[PDB]
Every structure is written in C-alpha cells, then in structure tokens.
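A.B. asks: Return a 3D structure for these sequence lines:
(one chain, ligands or ions: 1)
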Amino acid sequence: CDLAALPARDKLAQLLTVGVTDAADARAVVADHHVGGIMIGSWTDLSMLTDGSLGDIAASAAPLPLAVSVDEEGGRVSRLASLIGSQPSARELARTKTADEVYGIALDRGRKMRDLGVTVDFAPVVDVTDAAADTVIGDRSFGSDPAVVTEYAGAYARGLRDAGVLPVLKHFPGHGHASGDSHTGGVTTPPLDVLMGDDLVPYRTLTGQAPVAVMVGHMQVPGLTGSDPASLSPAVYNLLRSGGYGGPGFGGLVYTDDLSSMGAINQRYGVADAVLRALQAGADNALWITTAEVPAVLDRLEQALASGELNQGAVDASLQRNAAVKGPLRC
Ligand code: NA
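C.D. replies: Numbers count the residues shown, from 1 in each chain. This is the structure:
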C-alpha cells in the first residue's frame with residue numbers, strides 16, 4: 001500500500017494527537033478514528049502502560065503505527081514519575097550536574113519510557129528564563145543563558161534520542177520571557193528582534209540534530225504574529241521552515257501546544273476551528289487533551305479541504321512528516 005492512497009479522513013486523523021483518560025478511551029479513539037497519536041497526561045489512568053493494554057492497542061493500529069506521547073520533563077512536569085522515578089527540575093539539573101550527566105539521566109529515563117510504550121516525549125524545554133521556580137516555565141527551563149540552555153537541553157534531547165524516544169523542543173519561538181501563563185489566557189513575548197538574540201538561540205543548533213521535533217506555543221509575538229497566537233500564525237511556521245529564525249530551515253515534525261484546555265487558544269477558538277487554523281498556518285500535528293471532539297474535528301477538516309480553507313498539499317506534506325518518524329505502513 002501507499003501513503004498517498006489513504007482515505008482523506010484517515011490522512012487527516014494522522015495529523016491529530018489526543019489526550020486519553022484510560023485504556024477504553026484510547027482503544028475506541030484509535031480503532032474508530034485512526035488518530036495518529038494519543039497523549040498520556042495527569043488525567044490518564046496509567047495502568048494501561050503496565051497491564052498490556054497499550055501494547056495491544058498499538059499493535060492493532062493501522063494504517064500507521066501509533067505515536068504515544070507524554071510530558072516527561074522532570075521536576076514539576078513528570079507525568080510518569082510514579083513508574084520511572086522522580087528527577088530534579090531542568091533548572092536544578094543545570095545547577096548540580098554536568099551536561100554529560102544530564103545526557104545519561106535522559107538516556108536512562110528514555111529507556112524507562114520506551115519500556116512503557118512511550119514513543120514521543122514533549123521535552124526538553126528550550127525556553128530561556130530567570131523567572132521564579134514555580135511559574136509557568138520557571139524551573140522547567142535549563143537557564144537564563146541561551147548557551148547554557150543549548151548545552152543542557154541539547155544533552156537532554158540527545159539522551160532521549162539515543163533511547164529511541166522522539167524529543168520535542170518547546171515552546172517555539174520562546175515562552176521563557178512571555179507576559180504570563182498561556183494556560184489561562186493570552187500572553188505576549190518580547191519582539192522578534194529580541195527573540196532573535198536570545199530565546200531563539202538554542203533552536204539554531206538543536207533543530208539540526210535529528211530525529212527531533214518542535215512544538216510551537218500560543219504566545220503572541222510582536223513583529224511576527226501580531227495578535228495571533230504563534231501556533232495559529234503562518235508567520236511562525238514560515239520562520240521555522242525558511243531558516244529565518246537564524247538556523248537552518250527545519251523540515252521535521254512540528255506540533256502545537258494544547259489547543260483545547262489552554263485559555264490563550266480556547267477563549268478565541270473552539271477545538272475544531274483551532275485545529276483548522278493550526279494546520280492552515282503550518283503545523284504538522286494538532287494536539288489537544290481530550291478524544292470527544294475528534295469526529296467533529298475531522299468533519300470540519302474535510303469541509304475545509306472542500307472549501308479550500310485547507311490545501312491538499314498541506315495535508316500531504318504533514319502526513320509524510322508524521323510517517324517519517326514512525327515505523328512502516330501496515331497494509
Ligand atoms: Na502541512
């Protein structure tokens with residue numbers, strides 16, 4: 001069989017990653033809708049990772065293998081800690097460990113994630129900040145110095161990668177100096193010309209170390225996105241694809257941050273509209289944290305194809321990128 005010959009709706013479902021509550025929720029969304037990815041979060045019953053159910057669902061996934069993602073950064077964001085042990089925050093690692101030690105920590109934890117069926121970790125954070133530890137980014141950042149972030153997040157990404165986990169650099173083009181918490185409402189970064197010399201620095205080297213993905217956040221960026229969240233602005237994706245951000249143009253997989261529960265998005269757009277806008281803007285993978293909306297979202301995406309709101313080429317390019325980080329088609 002042939003990737004380009006899949007039914008339109010299954011091509012579209014491959015561009016979605018959705019949070020699941022338990023095995024029954026994951027089993028239904030994968031079999032009924034063929035979503036490309038499921039996400040494990042704080043809302044997830046983790047017994048599915050140890051009782052054989054994730055393995056069973058993943059093995060019957062078709063036409064592409066299932067991607068299984070999680071926020072496993074360490075410190076305050078460590079959804080698998082009960083199973084893989086806790087790790088100090090990114091900031092504490094940078095303060096107490098060498099970069100080689102951080103590589104080893106990420107490698108060890110990556111293998112522990114693989115054992116549980118995880119394929120994608122939404123880490124490392126490459127945001128640069130000096131904010132108080134328990135703020136939106138805060139201690140999730142490896143440091144206030146972009147060169148330190150590059151060294152330490154680079155090591156963390158390399159460890160995950162060597163374990164065979166896809167690392168995802170976040171939150172592009174930089175949440176570290178944003179005006180507030182995008183979970184609760186709209187936020188603004190410093191202008192692009194400021195980001196160019198600071199927040200964007202880590203991406204210049206880290207996006208070229210493959211396999212790697214990037215996640216775009218919901219901040220508004222002056223001089224780039226205007227009043228649009230970055231995840232929903234074509235300018236953001238053009239910046240990443242063209243090399244305009246100061247590094248080589250990035251051709252790999254690009255996720256959005258959570259499109260449903262986060263106020264920066266949901267106060268302006270419902271889930272289906274937000275997913276459409278993201279894929280129009282240039283995301284390869286639209287992420288949100290529930291499965292209920294999937295059939296309505298797929299309905300809206302098919303309509304956008306018909307109306308030309310969404311170009312067939314955008315879908316095909318992103319379908320290829322999603323397939324490129326997975327195993328073979330299942331015919
Ligand atoms: Na696309």
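A.B. asks: All the strands of the stretch 151-300 of the chain, residue numbers only.
C.D. replies: Here the stretch 151-300 of the chain has its strands, by DSSP state E, counting those that start in this stretch, at 166-172, 213-216, 254-256, 286-288.
A.B. asks: Out of the ones you listed, which gets nearest to residue 101?
C.D. replies: strand 166-172 (17.5 Å; C-beta to C-beta). No exception for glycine: its C-beta is placed from N, CA and C like everyone else's.
A.B. asks: other SSEs contacting that closest one?
C.D. replies: strand 120-121, helix 146-163, helix 201-206, strand 213-216 (3 or more C-beta pairs under 8 Å, 6 or more residues apart in numbering; DSSP states H and E).
A.B. asks: What are the buried residues along the last one?
C.D. replies: Translated: strand 213-216. 213, 214, 215, 216 (16 or more other C-beta atoms under 10 Å).
A.B. asks: For these, work out which two are farthest apart.
C.D. replies: 213 and 216 (10.5 Å).
A.B. asks: Give the intersection of the neighbour lists for those two.
C.D. replies: 254, 255 (C-beta atoms under 8 Å, 6 or more residues apart in numbering).
A.B. asks: give me every residue that touches the residue nearest to residue 81 when sequence neighbours are not counted.
C.D. replies: The shortest distance from residue 81 to any non-neighbouring residue, by C-beta to C-beta, 6 or more residues apart in numbering, is to residue 87 (7.7 Å). Applying C-beta under 8 Å, 6+ apart, we find residue 87 in contact with 74, 75, 78, 81, 93, 105, 109.
A.B. asks: give me that answer again for 10 Å
C.D. replies: Shown in contact with residue 87 (C-beta atoms under 10 Å, 6 or more residues apart in numbering): 72-75, 78, 80-81, 93, 102, 105-106, 108-109.
A.B. asks: Restricted to strands, list those.
C.D. replies: Residues of the contacts of residue 87 located in strands (DSSP state E): 72, 73, 74, 78.
A.B. asks: would you list these in TSV and tack on distance to the ion and neighbour count?
C.D. replies: Formatted as TSV, the ones in strands among the contacts of residue 87 follow (distance: C-beta to the ion, whole Å; neighbours: other C-beta atoms under 10 Å):
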residue	distance to the ion	neighbour count
72	27	26
73	27	22
74	31	26
78	31	20
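A.B. asks: Now do the residue nearest to residue 125 when sequence neighbours are not counted: how many residues are near it, please.
C.D. replies: Nearest non-adjacent residue to residue 125, counting by C-beta to C-beta, 6+ apart: residue 140, 4.9 Å away. When neighbours are counted by other C-beta atoms under 10 Å, residue 140 registers 28.
A.B. asks: ranges for the helices of the stretch 1-150 of the chain?
C.D. replies: 8-13, 23-33, 53-59, 81-84, 90-96, 99-115, 146-163 (DSSP state H, counting those that start in this stretch).
A.B. asks: Residue in the stretch 101-250 of the chain with the shortest distance to the ion?
C.D. replies: Residue nearest to the ion within the stretch 101-250 of the chain (C-beta to the ion): residue 237, separated by 8.4 Å.
A.B. asks: so that residue makes contact with residue 216?
C.D. replies: Yes. Checked against C-beta atoms under 10 Å, the pair residue 237 and residue 216 is within contact range at 7.4 Å.
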